[PDB]
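See structure below.
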Amino acid sequence: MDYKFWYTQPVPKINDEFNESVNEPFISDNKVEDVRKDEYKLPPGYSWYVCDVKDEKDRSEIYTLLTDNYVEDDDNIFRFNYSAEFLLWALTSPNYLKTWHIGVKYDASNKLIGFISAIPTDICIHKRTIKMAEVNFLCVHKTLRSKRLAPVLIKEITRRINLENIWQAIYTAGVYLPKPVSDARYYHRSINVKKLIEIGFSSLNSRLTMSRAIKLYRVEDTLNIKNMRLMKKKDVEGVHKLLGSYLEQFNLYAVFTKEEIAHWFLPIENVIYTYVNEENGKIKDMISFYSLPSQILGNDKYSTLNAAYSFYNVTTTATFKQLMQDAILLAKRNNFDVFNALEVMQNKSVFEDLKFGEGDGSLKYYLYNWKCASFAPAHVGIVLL
Ligand SMILES: CCCCCCCCCCCCCC(=O)CSCCNC(=O)CCNC(=O)[C@H](O)C(C)(C)COP(=O)(O)OP(=O)(O)OC[C@H]1O[C@@H](n2cnc3c(N)ncnc32)[C@H](O)[C@@H]1OP(=O)(O)O
Ligand SMILES: COc1cccc(COC(=O)c2oc3cccc(OC4CCNCC4)c3c2C)c1
Ligand SMILES: [Cl-]
Ligand SMILES: [Mg+2]
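Residues 26 to 410 in the deposited numbering are what the sequence shown lists, from first letter to last.
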């Protein structure tokens with residue numbers, strides 16, 4: 026389109042394409058002492074608000090904002106419905122800053138109508154490891170859309186991040202903006218087939234009757250890796266090493282510390298599931314997925330789609346296909362209707378054999394203030410939430 030906000034930002038032009046050997050900021054040499062110390066102006070009757078995610082009430086108000094106003098599917102039949110407990114997990118990682126959790130309230134009602142967040146994470150992009158901010162959960166109330174509020178939120182978080190002497194960020198969106206480093210399609214592996222058909226997430230063709238669709242997706246309730254168990258505190262060193270060593274091969278991935286591994290993977294009911302296979306006290310395989318339910322808009326029978334999203338999966342003792350079959354099965358065991366993944370890492374390789382369907386769109390990966398060659402998604406080794 027025209028991208029009049031994005032064009033003033035340190036990000037590539039729509040027509041920019043860089044050699045593999047390019048790996049550097051757009052703007053280097055930045056200075057904390059020069060960063061604006063004043064908050065971005067909001068329109069009359071609107072105020073900044075510092076959200077304390079560890080306060081139940083503040084967390085609940087972010088949760089209602091996103092519940093009613095967050096990302097929908099193209100046909101406006103489903104809306105992402107991140108739980109409050111998920112938000113807590115997502116936003117309170119190691120060394121997080123409360124003042125990168127940014128709310129906008131409407132003066133007169135005192136109601137939260139806008140939100141944007143970031144967490145600090147070490148990102149390796151093309152073998153350069155950079156302190157970055159991972160930005161998520163940008164949201165403006167449906168009644169206030171197209172008012173140019175989203176650039177005010179962006180600019181204000183950029184200012185807040187810059188104050189910490191961080192100059193790059195990482196983010197994903199479904200919408201095309203200037204300009205993806207990678208673009209990954211999503212795929213859906215049906216578990217509760219009939220519910221999926223009923224709510225219009227999946228469809229039948231005459232070759233596929235209801236009974237046939239149900240047989241097609243039926244799994245065996247027996248793991249390929251018999252000893253796969255919920256991760257415990259004792260497993261953090263092992264997971265750190267297994268995941269840490271695996272991720273080195275990709276062009277884009279998070280460099281997790283131990284403290285990060287514990288946060289990111291220790292299980293929490295209805296938010297994050299990690300399973301491990303220990304052999305001789307060494308952690309040899311792992312599976313992880315997170316819970317992201319979709320609210321079903323206007324379906325008489327169901328109000329929630331229970332969905333599991335693939336997180337980080339590593340196998341040394343089985344085929345990746347066997348690993349990801351077990352991950353489908355562990356998801357089913359925890360009541361999920363569907364197992365979603367992106368075509369990142371080695372995922373695409375198993376999608377056909379494990380009966381994933383292609384979805385309807387793709388997820389773009391972005392860096393802010395970084396110049397580098399774009400790449401196919403199989404070179405992406407990071408999953409954002
Ligand atoms: C070094 C530190 C750096 C930190 C900062 C890093 C950057 C982080 C960037 C944030 C990454 C967030 C990642 C994330 O959370 C994950 S992606 C999901 C974002 N949330 C949703 O899609 C929920 C529903 N929609 C809304 O809330 C509104 O439509 C939002 C708020 C999306 C835009 O509100 P609006 O009422 O529809 O629009 P205006 O206010 O009038 O603004 C229009 C301007 O916003 C640009 N826009 C629209 N959607 C965008 C998006 N998803 N990313 C970036 N930019 C987006 C748009 O292109 C236009 O700029 P342009 O004229 O150049 O084209
Ligand atoms: C059925 O429910 C919905 C609700 C809203 C939108 C859509 C359409 O996008 C997908 O159906 C969709 O499927 C995916 C599978 C893996 C990872 C994905 O993106 C991540 C995780 C979610 N937040 C941002 C980064 C996705 C998405 C966005 C489907
Ligand atoms: Cl400005
Ligand atoms: Mg707006």
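The C-beta atom is built at its ideal place from N, Cα and C for all residues, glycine as well.
Let me check one thing: in DSSP terms, what residues is residue i bridge-paired to?
i	result
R210	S387
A332	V363
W73	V129
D63	Partner(s): none; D63 has no beta bridge.
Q193	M157
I321	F103
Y298	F314
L255	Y300
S215	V363
Could you tell me the distance, in whole angstroms, from the CA atom of residue i to the CA atom of residue j?
i	j	result
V57	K66	20 Å
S313	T299	4 Å
residue 412	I195	What the structure shows of the chain is the stretch from 26 to 410, and residue 412 is not part of that stretch, so it cannot be assessed.
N302	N338	12 Å
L355	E285	23 Å
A343	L255	18 Å
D80	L112	12 Å
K283	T146	13 Å
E42	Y271	28 Å
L379	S215	10 Å
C149	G269	12 Å
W289	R232	43 Å
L388	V200	8 Å
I179	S236	49 Å
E304	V280	25 Å
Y107	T89	10 Å
With distances taken between CB atoms, is the gap from residue i to residue j smaller than 8 Å?
i	j	result
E64	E181	yes
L169	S142	no
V264	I308	yes
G128	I87	yes
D310	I250	yes
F105	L317	yes
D99	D362	no
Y334	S207	no
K220	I191	no
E110	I293	yes
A238	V218	yes
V408	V369	yes
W125	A158	yes
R184	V36	no
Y212	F336	no
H151	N48	yes
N161	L410	yes
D132	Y71	yes
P203	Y28	yes
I297	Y278	no
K130	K136	yes
Go ahead and pull the three-state DSSP assignment for residue i.
i	result
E97	strand
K396	strand
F105	strand
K373	helix
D351	helix
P145	strand
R170	coil
residue 25	What the structure shows of the chain is the stretch from 26 to 410, and residue 25 is not part of that stretch, so it cannot be assessed.
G382	strand
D260	helix
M311	strand
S231	coil
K136	strand
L409	coil
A198	strand
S85	helix
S236	helix
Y337	coil
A279	strand
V57	helix
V165	strand
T124	helix
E49	strand
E303	strand
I150	strand
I293	strand
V36	coil
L248	coil
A401	coil
Beta carbon shell of ligand 4 at less than 6 Å from a heavy atom
Residue selection by CB proximity (closer than 6 Å to any heavy atom of ligand 4) returns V165, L169, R170, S171, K172, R173, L174, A175 in chain order.
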